[PDB]
Amino acid sequence: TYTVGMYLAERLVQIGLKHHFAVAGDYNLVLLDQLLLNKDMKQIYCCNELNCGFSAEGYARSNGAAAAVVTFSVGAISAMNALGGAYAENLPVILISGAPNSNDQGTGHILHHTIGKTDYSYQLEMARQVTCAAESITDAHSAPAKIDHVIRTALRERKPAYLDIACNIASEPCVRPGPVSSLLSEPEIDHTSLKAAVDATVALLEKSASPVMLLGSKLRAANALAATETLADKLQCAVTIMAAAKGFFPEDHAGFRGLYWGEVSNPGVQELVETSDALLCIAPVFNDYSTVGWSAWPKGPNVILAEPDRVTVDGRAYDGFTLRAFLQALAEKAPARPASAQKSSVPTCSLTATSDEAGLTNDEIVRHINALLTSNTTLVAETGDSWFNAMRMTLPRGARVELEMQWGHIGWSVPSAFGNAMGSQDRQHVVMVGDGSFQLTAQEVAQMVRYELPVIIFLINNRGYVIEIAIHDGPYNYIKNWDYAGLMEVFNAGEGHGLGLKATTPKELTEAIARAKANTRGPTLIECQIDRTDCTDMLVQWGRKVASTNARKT
Amino acid sequence: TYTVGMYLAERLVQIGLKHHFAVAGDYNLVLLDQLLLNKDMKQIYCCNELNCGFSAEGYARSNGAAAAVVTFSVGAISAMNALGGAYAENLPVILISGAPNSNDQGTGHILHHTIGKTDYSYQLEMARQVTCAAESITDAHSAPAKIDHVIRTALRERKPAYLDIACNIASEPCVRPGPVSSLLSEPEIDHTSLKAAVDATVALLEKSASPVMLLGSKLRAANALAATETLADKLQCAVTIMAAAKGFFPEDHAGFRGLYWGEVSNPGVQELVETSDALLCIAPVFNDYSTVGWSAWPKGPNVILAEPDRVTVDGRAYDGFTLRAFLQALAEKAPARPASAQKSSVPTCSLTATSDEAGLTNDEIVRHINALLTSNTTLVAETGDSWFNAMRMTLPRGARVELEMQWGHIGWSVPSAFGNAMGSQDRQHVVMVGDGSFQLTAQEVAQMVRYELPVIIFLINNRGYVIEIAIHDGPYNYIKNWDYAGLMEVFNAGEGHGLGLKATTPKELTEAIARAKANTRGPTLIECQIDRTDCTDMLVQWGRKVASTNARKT
Amino acid sequence: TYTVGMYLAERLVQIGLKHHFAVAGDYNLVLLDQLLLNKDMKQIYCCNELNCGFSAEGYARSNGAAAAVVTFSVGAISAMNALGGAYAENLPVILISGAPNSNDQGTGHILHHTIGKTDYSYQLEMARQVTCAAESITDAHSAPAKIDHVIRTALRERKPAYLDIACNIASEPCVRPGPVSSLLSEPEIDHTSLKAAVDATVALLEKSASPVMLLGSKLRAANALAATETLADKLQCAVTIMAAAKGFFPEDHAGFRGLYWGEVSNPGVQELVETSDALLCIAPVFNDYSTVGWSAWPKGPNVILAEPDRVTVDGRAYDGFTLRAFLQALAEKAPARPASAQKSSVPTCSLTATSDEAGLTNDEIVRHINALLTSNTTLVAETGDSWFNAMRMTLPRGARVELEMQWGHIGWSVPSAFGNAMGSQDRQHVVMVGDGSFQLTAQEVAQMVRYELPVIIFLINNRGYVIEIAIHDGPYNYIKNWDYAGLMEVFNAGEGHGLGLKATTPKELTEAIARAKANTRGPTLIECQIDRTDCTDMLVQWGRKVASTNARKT
Ligand SMILES: Cc1ncc(C[n+]2csc(CCOP(=O)(O)OP(=O)(O)O)c2C)c(N)n1
Ligand SMILES: Cc1ncc(C[n+]2csc(CCOP(=O)(O)OP(=O)(O)O)c2C)c(N)n1
Ligand SMILES: Cc1ncc(C[n+]2csc(CCOP(=O)(O)OP(=O)(O)O)c2C)c(N)n1
Ligand SMILES: [Mg+2]
Ligand SMILES: [Mg+2]
Ligand SMILES: [Mg+2]
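Residues numbered from 1 in each chain as written, not as in the entry; some residues may be left out. Chains lettered and ligands numbered in written order. Part of a larger assembly, values for the part shown. Heavy atoms only, no water.

X-ray crystallography is the method the PDB entry lists for this structure, together with a resolution of 2.75 Å.

Under the PDB entry, chain A has the name PYRUVATE DECARBOXYLASE and belongs to Acetobacter pasteurianus. Looking at the PDB record, one finds the entry titled "Holostructure of pyruvate decarboxylase from Acetobacter pasteurianus". Within the UniProt record for chain A, the comment given under Sequence similarities (unreviewed entry) is "Belongs to the TPP enzyme family." Within the UniProt record for chain A, the comment given under Catalytic activity (unreviewed entry) is "a 2-oxocarboxylate + H(+) = an aldehyde + CO2". (UniProt positions renumbered as here; feature names shortened; annotations may be inferred.)

So, in structure tokens, the structure goes:
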């Protein structure tokens, strides 16, 4: 006897999901039962719904998509924070909420977990604001069409979507889903437009002296990584990254020239791109953070703006094809233009070295983490100064970096890494998280313990919101210190294999990392103590400009 | 010097539009100027915005898509009625509104044509409710992406979309649009799913004794007319239509068996479909009107439900392909199953004949209009008793019928026929419209005069809302009578070539139609006077069941 | 046996309504039946829902509030245009929509008059955008609370509100409404705040040399007319009006000094207010039209901004009392400050006179209408050049002017006058309407005929959108001319007592007005033919500034 909930489960499996995340509530228990009957995936549990959503977000990063299941209102609303995050970071997370019994609809009944009015369509209205698709299932017959619609839309658009299922309907008989090639289907490509866009770009490139490539944070969502480095091989030119695109290109590569981020770029790089004859700008996200208060925002006649969906070049916009198809086709026809690469040096990064027994230093933490990175590593870098020393690392080919520079929700780090680890258990997972950020979502380290995930967490204890102290200080930047290392035993409670360690000197950190690598059955939190004054120059420079731009009066 | 408004114009032309409809207002004048610079289409004008929207709707029916341009709030809101209509009737109308100067945004300025508050995002929020896409253009740089998004989404989904352009931005420099194959692009078809759906349907058909085809009102939007009659040729079986699908299948055809509409079906037809071994139900819209108060709604194991997007057959749903591709593929493999056709008669319709000089009769009007219909005719039938004698006509192969049975906005008839005529000037356009409906939108007959469109309008003057009088009578059903024939000279005003005639007897109607056919440079309104008591039995039967179902207490 | 619909009816009667306006549809028929059972009011019918809404709006102007009843979506959406209008013009219109059977809710049924999806909460979401309160009645038990909430909120806020009643629920048993003092209840007045505001204003006035009063278009909604002229009697100072406040002060008065409207003010008046020591600015609406493109917008330390709700004077805002209470209290304590009045002349208006047999002239039309005005007259002036010669009339004490300068929906004129006449049948009703505007809503003159309302309509036929031709001309300004006078017989159809006359010379107009005054049982339309070139200088001046401001690039 095949139910609506089973239909949902089988479709999620067809997406390529092996896990979904959940927090139980009476509105979703039966739905959770239906999902559990599918042995092709595991149902894993979170502390709260905010973390649950961000766990799904992290999973989407490594798997391609994700699903989280919550209860009505009290669960769903906080998960909408994570949904908005998924939208901001171009990740197809599917949020499924339990919903009131369909027989309660239009009766004037007031229900628990509602704001106390006779109707309760407010949740769906809120969800629409942060999703590409949002449906409320209230009968078994229309359920398949709705489920299929949200999933297919989410995957095609690389955006999150929302689902309601009335609690009494999860159990209802339902037709079975058919076999599929894939649940992802892009629109059929417009060949007239593709040809014209490639021709126009080739023409501009041919008459150029020194083209540069600038890579943006939508490159992965556009599924355009391989196509990009193929194009880079053909062009021979300099390849640069925007901050949020770290790890989207192999730094091993002959053409890699480093970070473009306005005045905090690697030396020479600002001049490289700002002055380019033909800037091949691929999948960028230009906002107030990435353009450094609108001071570093390349546009106009010399820019080839190549977005996931469309290409703008030489005063014309060409639409109706995928970025991936454009980059593949362009690589066939593009000329060799090496001038940019041969006129510039491979990026290097100066890190000040200390002695063994000196107090631990920001630069010294970066030096130690850099040495940890392998081709099999995923580095998660939290909002705060961790953004900036993420930029300062030389990452080996194959290594992955995860940033959340568009949403920028502090605390994202922890549950995100948890989900990400679930979705790629074969990789080494490393987290950089500030003390302030950790406090928002700390409890999710307990899930890492529960599920025996060997994540290495570098907790940067500098005693407050330093990214804010350096830029605009006030009493609001100072938080209650915790014994972060001591928190691991609390989550262990005599069961788990989590480790909590203090690093107070470079010697003490070197020992802590050795212990961490040996801890195969649980997370390792290393509380790194550095002085509040000891942040990157990069942060100070970037912050001053951004803050004065956000405070602008005219 | 190429502007945002010119970009919009060139994209509309690429859709295949040769006309757009407009009402001027200060928020859209510059935009209208930009559109006028494109000689590939004509800008035509309407009396009011409700009519403007319905004109676009009518144009979409004959052309494939349409566009209407209105001013902020005072224009846009009433056009949203038509937009909802377009959504209901699966037509990609694009509504473009003029909007306040972008420099007024966030200033706290109160603007004219707004509700008087400091912000005015209320319009876009309302538009989202009735569209598949809705964007507000407030800068030139993001304008192309937004324009392209609404147009492409509208065409793919066969749903209307909405656009804002800030009045100061219509003039702004803009990149040019690239060449395209087509602005329509469906998602790439899932071949695993298609194969399994066709295989499952063929298996069910093979073991069937008498399959029937039932055609619904989404058949045209799914662009599935030719594929349907190809399938009908292969299957040899009985082909029946739902009310709203009149004209979607040639009544000339050997397999045509008439109307399925519950208890108001053609004799034998209800038994034919209700009792079928395997009901091939194609692109249906099952609502309270079409299912006749939920009494005639075929579903369950014996039904092959083939929707624009998906197919449900034998307890499985198959998604990820177009209806058209499904129907083409099914026609290759389907067996011959003629039992349904050879066990039933070609539908006939009994019409009572009167004498020349007797007072005009409902049946006699149908008889006269039926004789007018050619393969080159488009018949527009208004909500009211005109729905019912539209059903009662035998239409020659090629003839088109236009119904609005999902939205059902009285008055739609007139502006809709106007737009439809604009979009197919080579065809003969015939309108059936009640006296009550005509009063809502009458003024648009003046546009037909202005643009010299030879539409023949049969105004059925029965002195009120008869469809309502017959079912649930009250003082609200009785309206002020007009001299409808005399109204033509009013719109002529010594310029135009409109004709207004009274038909009071069958002889008098026969003469009026002769005059109408001869009137090549303007519309002809024939005020047909029939008694209030003289409506179809079909209406009474249908009405009683529907009304008692809508008044149901449990 | 007492029903939900009867409850609604009795509450409407308690508002002081004697009429409600309706268009029948199956979703509201039973509701209409319930309302008809209340003999304390009359149910009157409209051609379409846009006109229906604007009829209610007009009724609210003379009665204080109004109600319109429409059917779901197809009716309600276009009525939302009128609702937005009511919000803009501060009038408590209650729109009541019929809605689907409550048993259809949450079933996945598709219903007629919907966009075709399984749910249909889109209407309520749209209504919220343009109302102060919006409720959907879906059970009998919560119906009283909801009805009482929308009505009370509407009246308190002077804003429109929205109601849904499920069609099956109009008939349901319901408790009866209790007796009331009034359905209007403002919040209890804050006496600390009132005292401080009056004290601060008196202090500023006392040390002033020449205070001026400037009256705005919210004066009537604030129910502050009598209080204003009491204050003017005490202050002895100059009293000036904003355009939209015409008729809110007796021009008979010793202190009346005319129109303040930037550069189109009466001579000297701009200097009077712009230069005032202490500008008592009462219930103003400052928008781009009233401030003449932001060039005439008095603010800062010298301005006493007295709004319906709050007073800002000398760098402090005082809230928590009604404008009426503030003005009453201020009149007790205010000093005499006559300087502004004795330094300026009573406003006069130069009108050029022609001969009897010369072609009719704009100035000559104004001269004739001015002579018609009595203390018992209500003048309705449409958007267009009619705004401007409304300003140019000297109105006798007691005379009423109706303007719609915030919404500015052309066509408003006609249905608004109809409703207004219904709500004050004892008064003489005069309409000024342009030819372009008349075309949008013309059919509602048929209702005036039906209900035997002796409205005198001056149709200004200047052959297009002249207000637009003078400012920014293009093909979109030119419309199909009608025989406007001939349209009356069409609506009469041998029944009614409407008159249609042409005025082509001043003699011919003088005769037409004589006929109009004698026509006691129907409307009289006088088609006044003037040249397209013959608009007010006032319009040209005002238009040029406003248009260049709306087209501003920075
Ligand atoms: C949910 C949320 N609240 C507030 C902020 C604003 N915010 C941005 S950074 C930041 C400080 C983070 O401090 P920490 O984790 O200690 O990193 P550090 O600056 O010390 O390196 C805050 C509070 C945010 N990004 N997200
Ligand atoms: C905008 C709108 N308002 C009201 C209705 C409700 N309605 C449906 S049929 C109908 C009667 C129209 O009668 P008429 O055009 O004279 O046709 P008849 O059946 O009398 O021949 C009405 C008022 C509607 N469908 N749409
Ligand atoms: C519903 C609506 N549609 C469009 C407009 C834009 N508009 C403002 S004035 C105007 C012209 C009015 O023409 P008419 O009534 O003849 O005035 P006149 O010739 O005296 O200038 C138009 C179309 C509007 N204000 N409201
Ligand atoms: Mg910190
Ligand atoms: Mg009728
Ligand atoms: Mg005019």
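Still more ground to cover, so stick around.
> I'm lost on the interface of chain C and chain B in this one. Help?
Frequently, the measure chosen for interface size is the accessible area removed from exposure when the parts meet. Counting from both sides, the interface comprises 88 residues of chain C and, opposite them, 88 residues of chain B. In total, chain C and chain B occlude about 7,500 Å² of area from one another, counting both sides; carbon and sulfur atoms represent 59% of this. Together, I115, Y476 and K480 of chain C form the three largest contributors to the area buried by chain C at its contact with chain B, with a combined 10%. Counting across the chain C and chain B interface gives 6 salt bridges. Residue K553 of chain C pairs with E172 of chain B through a salt bridge whose shortest N-O separation is 3.1 Å. For the pair chain C and chain B, the number of links is 54 residue pairs in polar contact. Only α2 (29-36), β2 (42-45), α4 (76-88), α5 (122-128), α15 (435-441), α16 (445-450), α18 (487-492) and α20 (537-550) of chain C provide two or more residues apiece to the side of chain C that touches chain B. With 7 residues, the top contributor of residues to the side of chain C that touches chain B is α4 of chain C. Tallied by class, the residues present in the side of chain C that touches chain B amount to 42 nonpolar, 31 polar and 15 charged. (Contact = heavy atoms within 4.5 Å. Buried area = accessible area lost by both parts, 1.4 Å probe. Salt bridge = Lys/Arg side-chain N within 4 Å of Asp/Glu carboxyl O. Polar contact = N/O pair within 3.5 Å; in protein donor to acceptor, adjacent residues only side chain to side chain. Helix = DSSP H or I, 4+ residues; strand = E, 2+ residues; numbered from the N terminus. Nonpolar A, V, L, I, M, F, W, Y, C, P; charged D, E, K, R; others polar.)

> I'm lost on the nonpolar core in this one. Help?
Core analysis: the largest hydrophobic core is formed by 220 residues, its most contacted members being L12 and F438 of chain B together with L12 and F438 of chain C. Beyond its immediate stretch of four places on either side in the chain, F438 of chain B contacts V414, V433, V445, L459, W482, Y484, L487 and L525 of chain B. (Core = buried A, V, L, I, M, F, W, Y, C linked by side-chain atoms within 4.5 Å. Buried < 20%, exposed > 50% of the residue type's maximum accessible area, 1.4 Å probe, protein only.)

> How do you make sense of the packing of helix α12 (residues 362-372) of chain C against helix α19 (residues 506-518) of chain C when you look at a structure like this?
Helix-helix packing: each pair is described by the crossing angle between the helix axes and the interaxial distance. All names here are of chain C. Across the interface, α12 lies against α19 with an axial gap of 10 Å and an inter-helix angle of 30 degrees. Compared by their axis directions, α12 and α19 come out roughly parallel. As for how α12 packs across α19, the hand of that crossing is right-handed. Facing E364, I365, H368 and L372 of α12, the residues of α19 in contact are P506, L509, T510, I513 and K517. Looking at the contact of α12 with α19 residue by residue, the class counts come to 5 nonpolar, 2 polar and 2 charged. (Axes fitted to C-alpha atoms, helices over the stretch in contact; angles between N-to-C directions. Parallel < 35°, antiparallel > 145°, perpendicular 65-115°, else oblique. Left-handed = near helix turned anticlockwise from the far one by under 90°.)

> I'm lost on the coordination of the magnesium ion (ligand 5) in this one. Help?
Angles between donor atoms at a metal ideally measure 109.5 degrees for a four-coordinate tetrahedral arrangement and either 90 or 180 degrees for a six-coordinate octahedral one. All names here are of chain B. The protein atoms that coordinate the magnesium ion (ligand 5) are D435 (OD), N462 (OD1) and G464 (O), at distances spanning 2.0 to 2.3 Å. Look at where the donors of the magnesium ion (ligand 5) fall in the sequence and you get D-x26-N-x1-G. A residue pair is termed long-range when its members are at least 10 positions apart, and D435 in helix α15 (residues 435-441) and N462 in the loop between β18 (456-461) and α17 (466-469) qualify at 27 residues. For the pair shown, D435 and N462 are each scored as buried. (Donors = N, O, S within 2.8 Å, 3.2 Å for Na, K, Ca; no water.)

> Explain the sheet that holds strand β4 (residues 93-99) of chain B here, please?
Strands in a sheet are paired, the pairing made by backbone hydrogen bonds, and the direction either parallel or antiparallel. Residue and element names in this part refer to chain B. Pairing is parallel across the open sheet formed by 6 strands, whose spatial order is β2-β1-β3-β4-β6-β5. The outermost strands of the open sheet, each flanked by one partner alone, are β2 (42-45) and β5 (133-137). Averaged over all neighbouring strand pairs, the angle between strand axes comes to 20 degrees, with direction disregarded. As defined by bridge partners, strand β1 (residues 19-22) adjoins strand β3 (residues 66-70) across 2 bridges and the pair is classed as parallel. (Pairing = 2+ DSSP bridges.)

> Looking at this model, I keep getting lost on the site of ligand 2. Mind explaining?
In the vicinity of ligand 2 there are 22 residues, among which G408, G436, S437 and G464 of chain B together with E49 of chain C approach most closely. What surrounds ligand 2 is not a single chain but chains B and C. One of the backbone nitrogen or oxygen atoms of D385 of chain B is found 3.1 Å away from an oxygen atom of ligand 2. Residue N462 of chain B places a side-chain N or O atom 3.3 Å away from an oxygen atom belonging to ligand 2. Coverage of ligand 2 by the protein amounts to 98% of the 610 Å² it exposes when considered alone. (Near = heavy atom within 4 Å. Areas by Shrake-Rupley, 256 points an atom, 1.4 Å probe, with all protein chains shown as cover.)

> Please explain the coordination of the magnesium ion (ligand 6) as it appears in this structure.
Residues and elements named next belong to chain C. Protein-derived coordination of the magnesium ion (ligand 6) comes from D435 (OD), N462 (OD1) and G464 (O), at a distance range of 2.0 to 2.4 Å. Between consecutive donor residues of the magnesium ion (ligand 6), the sequence gaps follow D-x26-N-x1-G. Judged by its relative accessible area of 1%, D435 is buried.

> How do you make sense of the interface of chain A and chain C when you look at a structure like this?
In this complex, chain A contributes 11 residues to the contact, which on the side of chain C involves 11 residues. Summing both sides of the interface, chain A and chain C together bury roughly 900 Å²; the carbon and sulfur share of this comes to 44%. Applying the counting criterion to the chain A and chain C interface returns 0 salt bridges. Residue composition of the side of chain A that touches chain C, by class: no nonpolar, 8 polar and 3 charged.

> Honestly, the pairing of strand β4 (residues 93-99) of chain C in this entry has me stumped. Any pointers?
Sheet faces and side chains relate simply in a regular strand, where the side chains alternate between the two faces. Residue and element names in this part refer to chain C. Among the 7 residues of β4, 7 are classified as buried, and the element is accordingly described as predominantly covered. With burial as the criterion, each face of β4 is covered, one bearing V93, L95, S97 and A99 and the other bearing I94, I96 and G98. Bridge count between strand β3 (residues 66-70) and β4: 5 bridges; the pairing is parallel. Along β4, the bridge assignment pairs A67 with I94. Between β3 and its parallel partner β4, the chain crosses via α4, and the hand of that crossover is right-handed. Bridge analysis of β4 against strand β6 (residues 161-166) gives 6 bridges, and the strand direction is parallel. Considered in β6, the bridge of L95 is made with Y162. (Right-handed = clockwise from strand over helix to strand, strands pointing away.)

> Just checking my understanding: could you explain the pattern of salt bridges for this structure?
Side-chain pairs of opposite charge can arise where the charged atoms are in close proximity. Residue and element names in this part refer to chain A. Summed over the entire model, instances satisfying the criterion amount to 63 salt bridges over all chains. Taking the shortest distance from any N to any O, the salt bridge between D199 and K195 comes out at 3.4 Å. Of this pair, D199 and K195 both sit in helix α7 (residues 191-206), 4 residues apart, which is roughly one turn of that helix. On the basis of relative accessibility, which here comes to 34%, the residue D199 falls in the partly exposed class. Close ionic contact of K502 with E527 constitutes a salt bridge, the shortest N to O distance being 3.0 Å.

> Can you help me understand the site of ligand 3 in this one?
What surrounds ligand 3 is a group of 21 residues, the closest being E49 of chain B together with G408, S437, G464 and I467 of chain C. Chains contributing residues near ligand 3 are chains B and C. Within the backbone of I410 of chain C, a nitrogen or oxygen atom sits 3.2 Å from a nitrogen atom of ligand 3. Within the side chain of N462 of chain C, a nitrogen or oxygen atom sits 2.9 Å from an oxygen atom of ligand 3.

> In this structure, what is going on with the relation of the copies chain C and chain B? I would like to understand it.
With an RMSD of 0.0 Å, chain C superimposes on chain B once it is rotated by 180 degrees and translated 0.1 Å along the axis. Here the symmetry operator amounts to a two-fold rotation axis. An overlap of 99% is found between the interface residues of chain C and their copies at the interface of chain B, pointing to a shared contact surface. (Least-squares fit on C-alpha atoms.)

> Looking at this structure, I do not really get the sheet that holds strand β17 (residues 456-461) of chain C. What am I missing?
Residue and element names in this part refer to chain C. Here 6 strands make up an open sheet; going across it, the order is β15-β14-β16-β17-β19-β18 and the pairing parallel. Of all strands in the sheet, those with a lone pairing partner are β15 (400-402) and β18 (499-503), marking the two edges. Direction aside, the axes of adjacent strands within the sheet are offset by 20 degrees on average. Here β17 runs beside strand β19 (residues 524-529); their pairing, made up of 6 bridges, is parallel.

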